[PDB]
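Enquirer: No letters, just coordinates:
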């Protein structure tokens, strides 16, 4: 079939019935020859019927073949079988931008569309280091890898963050992580993360757990409201729905923290953060790193009322105090701040 | 029982239910190809 | 903007558009009641399309019997149960001639299966009308009751 | 529907139940959390190929 | 033609089914012929319960 | 056993026996004894037909034709041809072997005891119309004719069968060896006098006894009978073919446009577009419905403490006072402390739902004697015109709200390309219809019906209060527990599942019924209080309605979650058609658009009488809303109308594709369709939309 | 050859099935050029099937 397609026989051209608008993985139109190749590979009966048959040669070893490779007198024109097997040393070749091999004189020897699409699983547990390709793995694996990368070099991230520039939200790991963030909410996620990190930096309540949790989301360009105030969220959802969500206040299956033992749980894997945690970090428990423009000022006061939803928090005015809930049994009292 | 029950010995379990393990092994060693829609 | 779901048919072939119209292949709960009235209507209609046949009195059960076969051919497009025997026999002859050795082989296979089968096969079925109590009972219970009565 | 009927929600979920306490303890004590059955609050892995 | 049949089961006659069974089993043991015929004759005398 | 079969016989023999026995239409595995018997028989007959040969005159140096092993059809036709060519009677049983010399069919058999009895009983079975040779494992032989087999064949067969017998007992297989007569035990079937009479009286007109019918069938040659019968048949028996045309199609059920008829009422179980949930933000824990309702009423304490009702509208028969007192009792029970949700003031509950007005059943004898007891006429459904509220229902239920109520579990990682395509389709579908109001309404419906079904577990003779609650999630992630009202379910003393158990439902709403008086001819509505959302007062009405449904209706409501799968299947069929036009998947291209393609757009509806297009997401939302409404508004009329509109739509499609459709009885189809348009709001609106779309197609086909 | 002869054949088939007791539904049947039709709740259309 590939021989028909490559020979450019007019019969092969006439043997096309349906549309051949096939697309490649990159989304770019295939070359016409490869389009016909793919169409006929998926459609073999049409070309075989259109080609026309003829009588097989009378030689002993030469015999014809049908559509289903059955020996017969009626054989595809110009096609014959032979028992006289024909027998089946290295050079260097240059490459170009489009991953196409071009010989010394310039002829193309191997294109990027000749790669068989036969997906399979390697028999050995291969490993890769580059984060640009983490997207191939599942969402949980991507989250685990990006958080491992953030944690291992946490010292450099903290050092650059204390400087206050913007070059530390564009690391390759963050670009890889952005893929699993829904497009519609990516801007709000990034804006909220940047606002909360800036608020934490300004007034020293630096919490390692919140910093690690909310650092990856800061890539995407900020998307603020018409009021110029950053959005507010309770939990940030990721692609895949359901379990794939990071809780901003208490903890999620993808991310949890145990301050009693100072243990970080990422996608069911446990690690120790000894040496990366300050003594005073525990005292400033959670309330200063859960909302933008809000800081803790007191404790649960039933008189002020029940807990206030994000809808009322967003419409609140500066200088007004409200009550929020971190998790079951740990309420807190916060106050809006201009800064 | 699944949490703190006695821990038995499962040696030779694959042999007893060998057909299912063979099916799983065949599935794992698959080489998926393309997907082609109706002729029309 | 008043939605019009049927407008989908403009942009999609109707064969695909109306795909899976009814999620249920079984029976709804609101179907017209199948009680004494419905069965009476069914028997009335069954006897109505065959009322031009031969009406007689069964000498075994003493019940009215209607036989439309080989009856007068219809003169109107209304439903008719008058099936001539000759036409059916000719159609069977044509089928047998087209498929030689088909009826014989099928009959032989059926008789062999019947010879090798067992009474338990009757238990694979839906509700069965038990005559001892004159009700609807599971297949196994009906078979057991019939066997006990026979014993 | 299966999880609702058998009260076998995920071991890492925040739901409460008579069976869910033991499920949560087993999930905490287990290392191979991908190998736990769904009936024991583990993760479902069923898909078309399997 | 995407034909449909109205009153399909209210028009077919058990006698015609008996004729079909007799024609099909024209070359078969007599006992099997009777066994096949016992069903159509039973149906031809069916009594409905209201 | 099977190991012995595959070891003692060549693969060809085993395959022939297996494929010949598999025609029995039964499992060949659980019963391999007959497989061994058939294999041995095949070997015996193969051996019998491998030593003797004939010639142009009959020199003994073939003579035996093998019939067994070959397909039953081919074997039977070959046997019939041999009988016809040799001018001999055809045995009624398929002979396993034929002889050219004796010009007779022959049969072979294998036994375990003496062969004399087996031969005699086979002779009784087949009479004298077939010859036979029989051999037994215990060195016994029987031949009808001594000039049939020679010494060599008999000796070889005897040696083979003796070897098989000896080898069987080595592996404990002779014990489980079944005989041969068992498969043919039943050969005697004598009909009794009664059954014979029934058969005789069950012949077509023209025959006296079944013997005449049998002879007529077995003798007469009916060739050419069809033409003779058709020639004299009246010409009036004609389908009357008629080529269809665009002008032939006309609007269906024009009476719906008759302004004289009343508007279609709102007969849905629960309010869909007019719902009003008393939001109460919660952490996410699961709590009993009674506690959730209690907390929700506590938050909106003003509505709970309302004791003076400002009646706004009343039903034709229902009593406002009784309904209000029942609602007060329900709220009192909800606000109490006892765990049970059981009403204790059964007075108003009993007297409000008309549960005491049921007729008393008396003995049939009195009714027969009585003259005033007569059957009542059937209350055929009334006829109603187009209802304007169904259009608003469809419009609003297809909108995107600020909350979603779907949280499905996870699935294993996708590897195969088909899994990736399915996952992409699921992602697009859920993203499109996650927040659609139809999804929330569907979840409320299914949850309420599930709670109703559960409450009928053990409480059947008692009144049960059930809050119409829902669990919802918004974009920000905070989740709310909405309460849409209450409903008290009465008792069903009868144990039947198809028996109506009256339930009266009080649902909150924010829409004044006076705006559309015709939308609520069946509801009793009060005014409880007023909520504040943005500092603005909005009234709250309590629609109270009596209803009757059975356990099967509860099951139907529970299954009403199948609308999700239905809509997904419809969307997948659309995508599959689009991809079948091409050779590759069209999911992302038809949703987002690739370089080659463009985002597919669907004609959604009408705006000021002009067509309007929209994204595939809007089409998906409309499909989901249509499926949900079809499930909610489902009755026999709806399913019948859909089944007949199927044929009408198919004919319209055939017209569109220039296939030249022909109709035989068009008015029959139109009558069948119009027979179902009586009072269902969904059916009437579907007829209206079908007429509009048919007009659009007519006006657009002339281009 | 032409649709007229096709409809004559359809009429002959209708009469024939009438002779055998099979009653075709004129109120639920239609005819169209081959390539698109239905068979037991399965719509076929130029290769596509639903």
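Expert: Looks like it came in fine. Numbers count the residues shown, from 1 in each chain, chains lettered A, B, ... in the order given.
Enquirer: buried sites along stretch A:251-269?
Expert: Neighbour counts using 16 or more other CB atoms under 10 Å in any protein chain shown place A:251-257, A:262, A:264-268 of stretch A:251-269 among the buried residues. For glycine as for every other residue, the C-beta is placed from the backbone atoms N, C-alpha and C.
Enquirer: Pull the residues that contact that stretch.
Expert: The contact list for stretch A:251-269, computed with CB atoms under 8 Å, 6 or more residues apart in numbering or on different chains, reads A:140-141, A:143-144, A:147-148, A:151, A:209, A:212-213, A:235, A:238, A:243-247, A:270-274, A:277, A:282, D:10, D:12, D:33.
Enquirer: Can you get me a residue count around residue A:195?
Expert: A total of 20 residues lie near residue A:195 under the criterion other CB atoms under 10 Å in any protein chain shown.
Enquirer: any idea how far residue F:471 is from it?
Expert: 30 Å (CB to CB, to the nearest Å).
Enquirer: residue in chain D nearest to chain G?
Expert: Closest residue of chain D to chain G, CB to the nearest CB: residue D:48 (20.4 Å).
Enquirer: Check the burial of the closest residue to that residue other than its chain neighbours by counting its neighbours.
Expert: Excluding the flanking residues, the one nearest residue D:48 by CB to CB, 6 or more residues apart in numbering or on different chains is residue F:419, at 5.0 Å. Residue F:419 is flanked by 18 other residues according to other CB under 10 Å.
Enquirer: Let me know whether my guess that residue F:419 is in a helix holds.
Expert: Yes: per DSSP: H, G, I helix; E, B strand; the rest coil, residue F:419 lies within a helix segment.
Enquirer: Look through chain C and state the residue closest to chain D.
Expert: For chain C and chain D, the shortest gap (CB to the nearest CB) falls at residue C:23, measuring 16.2 Å.
Enquirer: my guess is that residue meets residue F:561, correct?
Expert: No: using CB atoms under 8 Å, residue C:23 makes no contact with residue F:561, being 10.1 Å away.
Enquirer: Output the set of residues of the stretch 1-150 of chain A in proximity to chain F.
Expert: A:18-23, A:27-29, A:38-39, A:42-43, A:119, A:121, A:138 (CB under 8 Å from any CB of the partner chain).
Enquirer: Of the residues you listed, which is the most crowded?
Expert: Greatest neighbour count in the residues of the stretch 1-150 of chain A next to chain F, by other CB under 10 Å, goes to residue A:39: 24 neighbours.
Enquirer: Which residue is the nearest non-sequential neighbour of it?
Expert: Closest to residue A:39 by CB to CB, 6+ apart is residue A:20, at 4.8 Å.
Enquirer: Say whether chain F is contacted by stretch B:31-40.
Expert: Yes: contact between stretch B:31-40 and chain F is present through B:32, B:33, B:34, B:35, B:36, B:37, B:38, B:39, B:40 (criterion: CB under 8 Å from any CB).
Enquirer: Likewise for stretch G:22-29?
Expert: Yes: using CB under 8 Å from any CB, stretch G:22-29 comes into contact with chain F via G:24, G:26, G:27, G:28, G:29.
Enquirer: Report the two of these separated the most.
Expert: For the residues of stretch G:22-29 next to chain F, with distances taken as CB to CB, the pair at the greatest spread is G:24 and G:27 (10.1 Å).
Enquirer: ok, the two, which is more surrounded?
Expert: Between residue G:24 and residue G:27, counted using other CB under 10 Å, residue G:24 has the larger neighbour count: 21 against 18.
Enquirer: Helices of chain E, residue ranges please.
Expert: Along chain E, the segments classed as helices by DSSP state H run E:14-24, E:30-44.
Enquirer: Burial-wise, tell me which of those helices comes out on top.
Expert: For these, the largest average neighbour count (mean count of other CB atoms under 10 Å in any protein chain shown) is found in helix E:14-24, namely a mean of 21.
Enquirer: The biggest helix by length in chain B: which residues count as buried?
Expert: Using DSSP H, we find that the single longest helix of chain B is helix B:18-28. Neighbour counts over helix B:18-28 (16+ other CB under 10 Å) mark no residue as buried.
Enquirer: Packing partners of the helix or strand following that helix?
Expert: Following helix B:18-28 in sequence order, the next helix or strand is strand B:31-32 (DSSP states H and E). Here strand B:31-32 touches strand A:119-120, going by 3 or more CB pairs under 8 Å, 6 or more residues apart in numbering or on different chains; DSSP states H and E.
Enquirer: what about the strand it packs on, near chain B?
Expert: Yes: for strand A:119-120, a contact with chain B is found by CB under 8 Å from any CB, at A:119, A:120.
Enquirer: is that strand up against chain D anywhere?
Expert: No: using CB under 8 Å from any CB, strand A:119-120 never reaches chain D; the gap is at least 11.6 Å.
Enquirer: Can you name the next helix or strand after that strand?
Expert: Following strand A:119-120 in sequence order, the next helix or strand is helix A:139-152 (DSSP H and E).
Enquirer: Give me the contacts around that next one.
Expert: A:131, A:134-135, A:137, A:157, A:173-174, A:176-177, A:179-180, A:212, A:215-216, A:238-240, A:244, A:254-255, A:264, A:266-267, A:269, A:271, A:273.
Enquirer: quick one: it to chain centroid distance?
Expert: 12 Å (CA atoms, centre = their mean, to the nearest Å).
Enquirer: contacting residues for residue F:261?
Expert: F:255, F:383, F:384, F:385.
Enquirer: three-state assignment of the nearest residue to it once chain neighbours are set aside?
Expert: Excluding its sequence neighbours, the residue lying closest to residue F:261 (CB to CB, 6+ apart) is residue F:385, at 4.2 Å. Secondary structure, three-state DSSP: residue F:385 is coil.
Enquirer: ok so, going back, which of the residues of stretch B:31-40 next to chain F are buried?
Expert: Buried residues within those, defined by neighbour count using 16+ other CB under 10 Å: B:32, B:35, B:36, B:37, B:38, B:40.
Enquirer: tell me which element the residue nearest to the fifth one when sequence neighbours are not counted falls in.
Expert: The one in question is residue B:38. Of all residues not flanking residue B:38 in the chain, residue F:580 sits nearest, at 3.2 Å (CB to CB, 6+ apart). Per DSSP H and E: residue F:580 is located in helix F:563-581.
Enquirer: just checking, what packs against that helix?
Expert: helix C:14-17, helix F:417-433, helix F:437-455, helix F:587-591, helix F:616-632, strand G:48-49.
Enquirer: can you do 6 Å?
Expert: Judged by 3 or more CB pairs under 6 Å, 6 or more residues apart in numbering or on different chains; DSSP states H and E, the packing partners of helix F:563-581 are helix C:14-17, helix F:616-632.
Enquirer: for it, which positions count as buried?
Expert: F:563-564, F:566-581.
Enquirer: Pull the contacting residues for the residue of the stretch 201-350 of chain F found nearest chain G.
Expert: Closest approach between the stretch 201-350 of chain F and chain G, counting by CB to the nearest CB: residue F:241, at 4.2 Å. Residues counted as contacts of residue F:241 (CB atoms under 6 Å, 6 or more residues apart in numbering or on different chains) are F:662, G:7.
Enquirer: what's around residue 8, how many residues?
Expert: Since you didn't name a chain, this refers to chain A. Residue A:8: 10 surrounding residues under other CB under 10 Å.
Enquirer: that's the other chain; I wanted chain G
Expert: Using other CB under 10 Å, residue G:8 has 12 neighbouring residues.
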